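Observations on the three-dimensional arrangement
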Amino acid sequence: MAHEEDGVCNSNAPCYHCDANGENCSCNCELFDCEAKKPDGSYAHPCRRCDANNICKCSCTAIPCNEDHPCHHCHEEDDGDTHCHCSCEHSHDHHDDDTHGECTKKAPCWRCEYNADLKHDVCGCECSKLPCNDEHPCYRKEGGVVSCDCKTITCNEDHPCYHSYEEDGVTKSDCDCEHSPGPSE
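Quick notes on the rules
Residues numbered from 1 in each chain as written, not as in the entry; some residues may be left out. Heavy atoms only, no water. UniProt positions renumbered as here; feature names shortened; annotations may be inferred. 1 Å grid on protein atoms, 1.4 Å probe; cavity = no way out; pocket = protein on both sides within 12 Å on 5 of 7 lines; lining within 4 Å. Points joined across faces, edges and corners; volume = space filled by probe spheres on them. Nonpolar A, V, L, I, M, F, W, Y, C, P; charged D, E, K, R; others polar. Disulfide = S-S within 2.5 Å. Buried < 20%, exposed > 50% of the residue type's maximum accessible area, 1.4 Å probe, protein only. Helix = DSSP H or I, 4+ residues; strand = E, 2+ residues; numbered from the N terminus.

Per the PDB entry, the protein chain carries the name Cement protein-20k and comes from Megabalanus rosa. Within the Protein Data Bank, this record goes by the title "Tertiary structure of Barnacle cement protein MrCP20". What the UniProt record of the protein chain gives under Function (literature references left out) is the line "Component of the insoluble proteinaceous cement which allows underwater adhesion to rocks and other surfaces. Shows specific adsorption on calcite substrates." Turning to the protein chain, the UniProt annotation filed under Subcellular location states: "Secreted".

Now the structure itself:
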């Protein structure tokens, strides 16, 4: 979509949103945005899944990892470094139910983080302003809040428990209304 906001994105024509960056700077669109921008005051070279900084009124934003940066945002293929890969192989095996950005249990927020050769999809932090995506406090290499989409959400029964394991961003089948709700945290 398009909406008047800071920086150069989805201003009034070039409708281009940014995964976590967009939802963190301007939530009013959904597309692949990424480009350097810094005159001599701020920095804006984020990406739908990288480690950069946006230009927010004398306030630079913190994105995920562009190649090898310890961040909890729009992952990029194998977001993270060596250690990260070792923590994902052991963390995913014990929390396979975290194959996406979801969270609704007595625990913190989780997101799809892993590196392997197979057919999969982007993590939750790499999702757009979906109709079922908010943002809860994730627990990784640093306490913080990240976008939370619908997928491995907990079960609404005798207790909150992730449904299963899968990496797929929540999608609707109406597109006949303003699908742009608000988070809780």
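1. Regarding the layout of surface pockets
Considered as a void within the structure, the largest pocket measures approximately 510 Å³ in volume. Looking at the largest pocket, it is lined by 23 residues, and the ones nearest its centre are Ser-87, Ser-91, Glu-113, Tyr-139 and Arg-140. For the lining of the largest pocket, the per-class residue count stands at eight nonpolar, seven polar and eight charged. Here the second largest pocket defines a volume of roughly 260 Å³. In terms of lining, the second largest pocket is formed by 13 residues, of which the most central are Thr-99, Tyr-114, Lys-119, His-120 and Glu-167.

2. Some remarks on the state of the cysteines
All chains considered together, the criterion is met by three disulfides. There is a disulfide in this structure between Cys-103 and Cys-109, and the S-S distance comes to 2.0 Å. We classify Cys-103 as buried; its relative accessible area is 2%. Bridging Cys-132 to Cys-150, the disulfide has an S-S length of 2.2 Å. With a gap of 18 residues between them, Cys-132 in the loop between α2 (82-94) and β3 (136-138) and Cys-150 in the segment after β4 (144-146) connect regions that are remote in the sequence. A relative accessible area of 30% means that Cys-132 is categorised as partly exposed. Disulfide partners in the protein chain, listed by the sequence order of the bonded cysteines, are 1-2, 3-4, 5-6. The thiol of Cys-18 is not disulfide-bonded; the next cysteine sulfur, from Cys-47, is found 6.4 Å away.

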